[PDB]
Amino acid sequence: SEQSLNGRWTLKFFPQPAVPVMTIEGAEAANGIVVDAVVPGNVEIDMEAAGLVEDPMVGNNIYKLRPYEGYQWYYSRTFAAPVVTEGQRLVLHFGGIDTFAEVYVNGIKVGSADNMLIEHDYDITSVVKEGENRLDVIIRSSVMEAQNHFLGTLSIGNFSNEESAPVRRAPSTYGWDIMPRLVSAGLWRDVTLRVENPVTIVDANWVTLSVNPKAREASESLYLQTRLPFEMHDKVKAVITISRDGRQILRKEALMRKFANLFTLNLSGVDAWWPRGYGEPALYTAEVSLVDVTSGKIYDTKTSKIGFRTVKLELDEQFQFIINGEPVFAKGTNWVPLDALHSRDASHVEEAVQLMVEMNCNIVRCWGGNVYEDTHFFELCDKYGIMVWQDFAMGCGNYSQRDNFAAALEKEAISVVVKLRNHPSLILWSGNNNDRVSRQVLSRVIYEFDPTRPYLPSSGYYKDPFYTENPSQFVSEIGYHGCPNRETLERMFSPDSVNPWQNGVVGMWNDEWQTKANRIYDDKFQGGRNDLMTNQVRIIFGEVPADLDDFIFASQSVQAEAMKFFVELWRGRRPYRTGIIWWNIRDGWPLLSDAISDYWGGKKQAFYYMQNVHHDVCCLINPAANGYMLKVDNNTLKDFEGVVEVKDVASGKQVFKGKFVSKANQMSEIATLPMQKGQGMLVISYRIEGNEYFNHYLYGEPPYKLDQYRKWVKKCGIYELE
Amino acid sequence: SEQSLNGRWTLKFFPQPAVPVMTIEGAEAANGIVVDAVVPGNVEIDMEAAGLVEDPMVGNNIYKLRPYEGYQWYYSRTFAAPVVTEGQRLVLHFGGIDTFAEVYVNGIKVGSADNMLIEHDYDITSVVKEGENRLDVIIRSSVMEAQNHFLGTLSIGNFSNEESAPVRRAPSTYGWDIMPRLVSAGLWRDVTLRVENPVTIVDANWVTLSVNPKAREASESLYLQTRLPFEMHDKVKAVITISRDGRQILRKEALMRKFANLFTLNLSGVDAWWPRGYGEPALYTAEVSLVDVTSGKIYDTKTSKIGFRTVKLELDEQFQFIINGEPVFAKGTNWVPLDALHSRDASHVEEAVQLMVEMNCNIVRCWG
């Protein structure tokens, strides 16, 4: 059984002195404040519930959490230890400790945590009592831990904070241009008590050796590691079961004559796992149990949903992902922190993944500035067919080449790889970077613990040749600023600061708008990152509107047209272009950013534009001095037939009407359209297998008139001005 | 302030037994000879002042220092510890310990030195007393330390001594064709006591990003690392000053919101640093201070003379040095030990550098 230690804990906080508190008698003796804390949680959530801090999402209140970065946090609770039989093991499991802390059980230290991003398991079998036991965790300041290290030259001056270089925490917690500075602390993931038998499963590594999708065959390997007392050798059998919706497909039983074994399962009548568009995300329940051959008692059982899929990164001799022997075109978003207070991430995962399902992304890149997402995130990507590109947790910056950092990074890499290597959605590991970390440490971990996935050591006007003539087949990062919806503006800003213009002077941002750009520290300055919004609006629409609703529509339209153009340009230049990962789909804080949706679920206009150019089959138009090139792109393994009609919005004249055949996994040209005069919009209507789809193309050259573009969008009949 | 622990010490020497002396009760109990030693110094300088050895520079007297390679050397003195305020740090600094030694303060070990060539700093804030404190350094034989290692094949038979392979000492001290065999030992560089504030400068790394000599412009970077208590974040400012002969050229102040920062200085009206012949060795005084924004109290200050210069080694495709975008022709000498008793090196540096100035060398290679 598994007993949960989540719930109400006791939290005592106080400023950290020159000598950090490491013991219990020191934590109880320190003059501090005591509050009721919820675990999993962040300490700022507990303090806001106590009325001690104000909502950091509103105004400049984010800077008011500054003093608590030098505090210590004393967690303490009491649990009932279950009765253990002789030979069993009692494990205390922490899913998330932020970050540097000493763990005590019954006044005895059981471990010292030093990594925010990985789990920490402790054996407390010999230190527990009978009845109620006391658990104590004394966390110290993450910021002050940086001064225990001497930084290398290239670790200073990067965009990532110097405080983030020598420690193993999410880099964006120290502040970024898309995430606030909120280091925080606390037990931000589950804390559980586990009772393990003498015979228990240490790890079950499922690996697809081969997959024959057209034959509905697959060869799956199970690298099983167990704890097996020698008196249990030749007396325990491993029971392997592959099932789908309850129906049993294969059952293999084998006697456990050694603690580690490889079982190869040659399956038939099983479907392959495919990313979105290229097929179904077929998942099968894989269960392994350790059963006594005499009494039949089950000692342990591991269950998960696995997918039969092969992954190969073909480096062009600038790459292309090969899934099940087929070259897929990757279209997706970068994944940023779901929340600055990362204990709330698990409450956003389901709804945020749905943003990618609605977008019809087939790939997602987990940004190295974020924590590693939990298992439930990958379980969702498994069943929705979203491939996962995982960067290791290092941000814009170079890191130490010494042995201490390598050992800490090796311990972290092995932990996260073992935790995630069995998800079919996971397809790539990246160093996000001569470097020991990217070309030796991380590559050596992938070499030993996951040889079946590739490892990569490193990663104005939207029609400007900088974007157009970029020779990369696979773009990994690309984004344009977009002002959030009015409702999100009124919620995060003070009433007198909702309008951005200080004194009404167009272009000069007030202090609260400068905070939500994002200004990491509270320095009073004018301009900076927010000027990107007015600059991009001034280019496309000539002048920056003074009215807020006009400025919202203008800024969201610039982001919408720019983002839609990049996707249509990459999908339209196949088969040379092999993939596009844009930045980004969702904000992790109430902020002014280049994401296409906010922290509160407010979808910007770019989200709807991007959604209509991410379909499995998409009719689009690419620019040409000869006029318009009507194309259709197919990101599936099937051919589709439809009828497409293009008419001019301002005149109502029909420019083209005819049927098309979209060949599988390729771009097909439909027709070349006559060049229209001046500026305007073409509406693209096409029907495929009884379903209506819609797209558009804005012709002409900037500067455009804002009021004219708005009429064209409303008459196009696709997007609401809202 | 910085209190110097140089001057007269107590030196006790005796043959090292099979078990090397590591403690104080062992050093005081050993049958040895006691002499007045000058620090910085070499033990042979102290013994020659005592008439115990003859001048090793004359005749074959260099071989008469042979038996002392298997001796131990017990340094000991008494210092007055300054009164420290709450939060400050008392640092004991050794510029040169030759070589393998145990450092004690008030009968408590604070470190074990094992490198003749680098400094050794110790935090003695928690072990000092009030008034007079006792400092003890028990050095053992550098030669006998080699037998604690098993040498690889290509470490044996070289021109450098096999005794020099596993230890971190100057190889020529064991003998060369241009330097005598005189291993020696002792505190051959300064020994000082430092009082550091809670807010102090750990390192100030000045780096020339670019230099435009004809435009008299330069882009200098300052990679600054400090010790900053969190209650001092947003309350200390870094004051950067570039000056020449007193005249101020640039002054930049920035609030210290984190312990490590990069400050880029785009300078104008500054001259580039050139090697001899190719121009003037223009130097500028670079000063960084950590100042309280309220009281104005200065917590620490680092000062040095920096030169705006770029360096690139062009490997011919057999190389050429490129200084400030210009290919320089290097002409100079190799730099060998200034003295077998390396505590006297600092007394020869000024006069020996003048030999290269008179020679008009633009380069010097410091021999390994």
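Conventions adopted
Residues numbered from 1 in each chain as written, not as in the entry; some residues may be left out. Chains lettered and ligands numbered in written order. Part of a larger assembly, values for the part shown. Heavy atoms only, no water. Helix = DSSP H or I, 4+ residues; strand = E, 2+ residues; numbered from the N terminus. Rg over C-alpha atoms; globule rule 2.2 N^0.38 Å. Buried < 20%, exposed > 50% of the residue type's maximum accessible area, 1.4 Å probe, protein only. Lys, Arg positive; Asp, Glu negative; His and termini not counted. Charge placed at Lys NZ, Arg CZ, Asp CG, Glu CD. Polar contact = N/O pair within 3.5 Å; in protein donor to acceptor, adjacent residues only side chain to side chain. Contact = heavy atoms within 4.5 Å. Core = buried A, V, L, I, M, F, W, Y, C linked by side-chain atoms within 4.5 Å. Buried area = accessible area lost by both parts, 1.4 Å probe. Salt bridge = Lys/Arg side-chain N within 4 Å of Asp/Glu carboxyl O. Nonpolar A, V, L, I, M, F, W, Y, C, P; charged D, E, K, R; others polar.

Its PDB header names X-ray crystallography as the technique used to obtain the model and reports a resolution of 2.45 Å.

Looking up chain B in the PDB entry gives the name Glycoside hydrolase family 2, with the organism given as metagenome. For this structure, the PDB header gives the title as "Crystal structure of the inactive conformation of a glycoside hydrolase (CapGH2b) from the GH2 family in the space group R3 at 2.45 A".

As recorded by the PDB entry, chain A carries the name Glycoside hydrolase family 2 and is attributed to metagenome.

Along chain A, the regular secondary structure elements total 14 helices and 36 strands. For 722 residues, the compact-globule estimate of 2.2 N^0.38 gives 27 Å, and chain A sits close to it at 28 Å. Principal-axis analysis of the C-alpha atoms places the extent of chain A at approximately 85 × 65 × 45 Å. Per-residue burial over chain A gives 60% buried out of 722 residues. Across chain A, 74 positive and 91 negative side-chain charges occur, with their mean positions spaced 4 Å apart.

A few words now on the side chain of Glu412(A). Residues and elements named next belong to chain A. When you line up the elements, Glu412 lands in helix α6 (residues 403–420). In this structure the side chain of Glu412 is engaged in a polar contact, spanning 2.6 Å, whose partner is the side chain of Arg168. Beyond its immediate stretch of four places on either side in the chain, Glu412 contacts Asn115, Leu117, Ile118, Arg168, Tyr372 and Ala393.

A few words on the nonpolar core. Residue and element names in this part refer to chain A. Judged by nonpolar contacts, the single largest core of 147 residues is most densely connected at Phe321, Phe377, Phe392, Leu489 and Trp582. With 14 residues, the top contributor of residues to this core is helix α12 (residues 548–572). Ignoring any residue separated from it by four or fewer positions in sequence, one finds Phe392 in contact with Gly368, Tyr372, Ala413, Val416, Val417, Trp429, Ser430, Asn432, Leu442, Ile446 and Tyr455. Grouped together as the second largest cluster of nonpolar side chains are 50 residues, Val43, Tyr122, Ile124 and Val127 included.

Turning our attention to the interface of chain B and chain A. Tallying the contact residues gives 18 residues for chain B and 20 residues for chain A. Both faces combined, the contact of chain B with chain A buries some 1,600 Å², and carbon together with sulfur accounts for 61% of it. Contact with chain A buries surface across chain B, with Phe230(B), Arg257(B) and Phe259(B) losing the most and accounting together for 43% of the total. One salt bridge in this structure joins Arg66(A) and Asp234(B), with 2.9 Å as the shortest N-O distance. Our count for the chain B to chain A interface comes out at six residue pairs in polar contact. Breaking the side of chain B that touches chain A down by element, the ones donating at least two residues are β13 (200–212), β14 (217–227) and β17 (260–268) of chain B. Per element, the largest residue contribution to the side of chain B that touches chain A is four residues, and it comes from β14(B). Considering only residue class, the side of chain B that touches chain A consists of eight nonpolar, five polar and five charged.

Let us look at the pattern of salt bridges. The tally for this structure, following the rule as stated, stands at 68 salt bridges over all chains. The shortest N-O distance in the salt bridge between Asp339(A) and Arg344(A) comes to 2.7 Å. The exposure classification of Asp339(A) matches that of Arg344(A), with both residues buried. One connected set of salt bridges, linked through shared partners, spans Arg66(A), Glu69(A), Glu163(A), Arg181(A), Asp523(A), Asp234(B) and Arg257(B).

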